[PDB]
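Here we start with a single chain on its own, the form deposited in one PDB entry, put down as structure tokens.
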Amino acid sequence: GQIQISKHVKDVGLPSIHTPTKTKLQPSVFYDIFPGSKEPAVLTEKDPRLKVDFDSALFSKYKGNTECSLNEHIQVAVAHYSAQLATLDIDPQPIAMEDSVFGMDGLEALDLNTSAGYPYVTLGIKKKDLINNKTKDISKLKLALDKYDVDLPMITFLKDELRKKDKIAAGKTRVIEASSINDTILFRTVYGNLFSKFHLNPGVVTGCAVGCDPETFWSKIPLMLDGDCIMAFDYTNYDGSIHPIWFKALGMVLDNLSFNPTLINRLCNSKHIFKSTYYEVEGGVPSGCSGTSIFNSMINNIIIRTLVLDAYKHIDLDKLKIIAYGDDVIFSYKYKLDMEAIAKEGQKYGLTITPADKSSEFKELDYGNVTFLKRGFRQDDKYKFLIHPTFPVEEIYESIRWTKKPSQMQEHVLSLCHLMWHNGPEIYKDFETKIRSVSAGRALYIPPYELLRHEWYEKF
């Protein structure tokens, strides 16, 4: 990520975007019932919990781009992965706008709650003002499309969420570049079929997990990654470390499929508006963007193949199975491979790869300690072939202590329970007890472990 130009919105003819300065998160009635350290992320330069300057650390993700071009290995990576995707027979033609908005098979309907982005956010216009899902009317949407066109700047929002104390004093708050609904629609009409195909085919052919249901997909992973092992690792600032060449490679893949190879460049050479500053970035991917999960996974698919070929000879790509969800990736090879060595091949590209789960060194992993989409793996008691997706109990305790909407505690709780029960009867029972220890939690409906277990078996 290299900031090319930065200037006042007034000197460019753009409005100043107003962003929430204070968190909506507040202590819930369970705050004292469960243990936790996390707290609301810093949303303003003036937060006593700070140590370093806000704007400083905030815009530190942009280290710039490392000098490097396309090599034969990347070309080979692109070639193999393309051939893999070619087996899915994806239709290159665009999709009707009616499908881009209300969805189709494999493509969820557009979220009508999130902001419409620029410039609607500055005109008081929301998505439900352009789309009438009630009568499926989108006439007003079409007008807006032709009125403001496309390739509009992205709005930078600070991510109001829970973070560890060290991220609080360090002012490390995550940003969420919000694309204009106009560009979300364009990207869906163009790539819609690809997005659809991927969502219906999470696995090793697409090398992607976007669209999967962890509850059933977890049982499949072990069968797909049928290798001599299983590897995972962490990325230090993945989004801001994606060098432009990966987009060039992504384009080639898309071109081998007969899709637009240039549109995606609007993500590489992106336009942004933080608050009163307008700027353009060269390199990196827009964090939290609308439809970038799939593109990020594809890039990772190209990266993994490259680093492997870079670190080893006599490698058989067909034997390297990959499953990615954006920057999160797990893969395997017929034979054992050194993760540390693979990691070092990333340095030349500007990718900082560290041990999985913020570990000390690059230690060997197994389905016993490996994680993916922040979930571990645990065999079911009754049926050993079914795999429980385990979510960190600590994270659940952390989440339940805060709430953004008090009158929605029932919904919040239910979500947690669906994650929780996968950790076991004893743990779930203790969770239920703590909740029901206060009148407010007693009035809540908590799904019994038997009911959750029963419903889970019927999903296979």
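Just count from 1 along the sequence shown to find any residue number. Just so we're on the same page, rigid core means the largest C-alpha set that superposes within 1.5 Å between forms.
With 293-301 and 237-245 compared on mean CA B-factor from the PDB entry, the stretch scoring higher is 237-245.
The stretch 41-49 shows the higher mean C-alpha B-factor when 41-49 is compared against 431-439 in the entry. Comparing the listed residues 33, 409, 396, 58, the entry records the largest Cα B-factor for 58. Residue set 203, 376, 355, 261: peak C-alpha B-factor at 355 (per PDB entry).
Split the chain's modelled residues into thirds by C-alpha temperature factor. Residue 385 is in the middle one. Ranked by Cα temperature factor within the chain, residue 65 sits in the highest third according to the deposited record. Ranked by Cα temperature factor within the chain, residue 213 sits in the lowest third according to the deposited record. Residue 80 sits in the lowest third of its chain by CA B factor, as recorded in the PDB entry. Per-chain ranking of the deposited C-alpha B factor places residue 197 in the lowest third.
The following text describes the form deposited in another entry, which does not appear among the structures shown.
Only one of 288, 203, 244, 222 has its C-alpha shifted by 2 Å or more between the shown form and the other one once the core is superposed, and that residue is 288. The distance between the CA atoms of residue 290 and residue 256 is at least 3 Å shorter in that other deposited form than in the form shown here. CA of residue 288 to CA of residue 357: farther apart by 3 Å or more in that other deposited form than in the shown form.
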